[PDB]
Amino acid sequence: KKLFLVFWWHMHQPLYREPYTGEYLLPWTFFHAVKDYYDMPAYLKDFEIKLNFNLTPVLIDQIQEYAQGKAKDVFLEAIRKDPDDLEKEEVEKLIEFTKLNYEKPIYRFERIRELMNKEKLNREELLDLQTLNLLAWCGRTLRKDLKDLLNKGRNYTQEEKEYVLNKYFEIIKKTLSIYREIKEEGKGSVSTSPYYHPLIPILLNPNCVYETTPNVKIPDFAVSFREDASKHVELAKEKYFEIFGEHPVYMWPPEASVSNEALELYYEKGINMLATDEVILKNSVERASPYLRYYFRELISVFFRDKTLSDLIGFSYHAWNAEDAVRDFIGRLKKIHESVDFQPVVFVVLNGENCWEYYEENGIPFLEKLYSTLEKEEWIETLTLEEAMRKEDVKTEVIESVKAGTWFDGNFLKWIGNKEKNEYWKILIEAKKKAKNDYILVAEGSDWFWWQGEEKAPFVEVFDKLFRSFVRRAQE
């Protein structure tokens, strides 16, 4: 009797490319590409387990633009330049970026503490600030290859900085290839999401928010987003086809968000399986275990992730010693294994790139121990999404209805319902009446609503500039 374990790592960035200037206004796609988007699948080169990935189409677009040398990234330009060429504004940006990241374990360099305690930085000190910001985001592969430069920790030259930059772009250029490789070799399945990671249930029917939060105020949805919901799904199928040669049969619904209408739309667009959150299961069915394969109306297969296990990795284990965390995780799997006489399917689904910067050494000791341990446990069999979808020796159940929600408390309050987030929906509704191009789809991404009305910390103003620029461009 085995326990079936299914990792599904979700990779996404909203579009940071300002539509009028073409400038990438935040470097987050670059930094998570060099740190996580290649290295997370690259673990499969070293560990004989299965790991699955979701790539949003808008993230794929940006990875391609960087790989082709076409991404004009303003923060990266402040890193690349000789410090003598830095604008006062770029020095300010560098210092502000360092301050935002200063307390993260991946920024634990003594030299960074020295630099941030200095009243003024000369050219050598700025070169160190630039290069250490680069190296703080070094991924697992290059932490080995560049170990000597990493251990310097100080006294970097322009040539060394440029060497690191060149190796980083090599990683970006190999990124889509590694996803093709692990897919073709059967080491993992690759899914995608509707194109710009929107909240499909809201686009189809904004009143679905009242299934969980009856008291929420929402704006007057005087325009229909139902066709746009379809377009996000259809365009994602086309992008994922361009990159892999086939249409996707698995999708990750953004924010785990489902509703009866959304599940119908995914079924109508030929999606065979998705996953969502355990809270949605608990809200939809009186008594239901998350270790079964569910069939929604016999139309589409649904797995509900183990929320506890997913949250342990995504939010808890950064605060643990790596050995203890793996012991805890394996011990929890052992209890699931012993708690049923059938073979449970355990979905661990979370963002694949955001938690590691808070782990010691970028989560590498944790993941190397986890994967090394899992590959040796005879009673655990990790599965691709395809294997999980088709496994015969599992328990299944038909469900007829779900209560609309997301993996944030089973509801939509992170994206709608307060004055500021509702203002964004009002802006989008009015812009949709006059829309002329697909930039209206960009503006439908969940990220813009996530940051709005929170507020409040460096760069939220950048997300607001992007959202409003996309809204403006959509009407031309």
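Start at 1 and count along the sequence shown; that's the residue number.
When the two stretches 448-456 and 18-26 are set side by side, the higher mean Cα temperature factor goes to 448-456.
Of the two stretches examined, 275-283 and 212-220, the record assigns the greater average C-alpha temperature factor to 212-220. In the PDB entry, the Cα temperature factor peaks, among 182, 265, 398, 172, at 398.
Taking only the listed residues 160, 228, 393, 234, the entry reports the highest CA temperature factor at 393.
Sorting the modelled residues of the chain by their CA temperature factor places residue 381 in the middle third. Among all modelled residues in its chain, residue 321 ranks in the highest third by Cα B-factor. Compared with the other modelled residues of the chain, the Cα B-factor recorded for residue 414 ranks in the middle third.
Annotation for residue 155: CA B-factor lies in the highest third of the chain's modelled residues.
Residue 36: CA B factor in the lowest third of modelled residues in this chain (values from the PDB entry).
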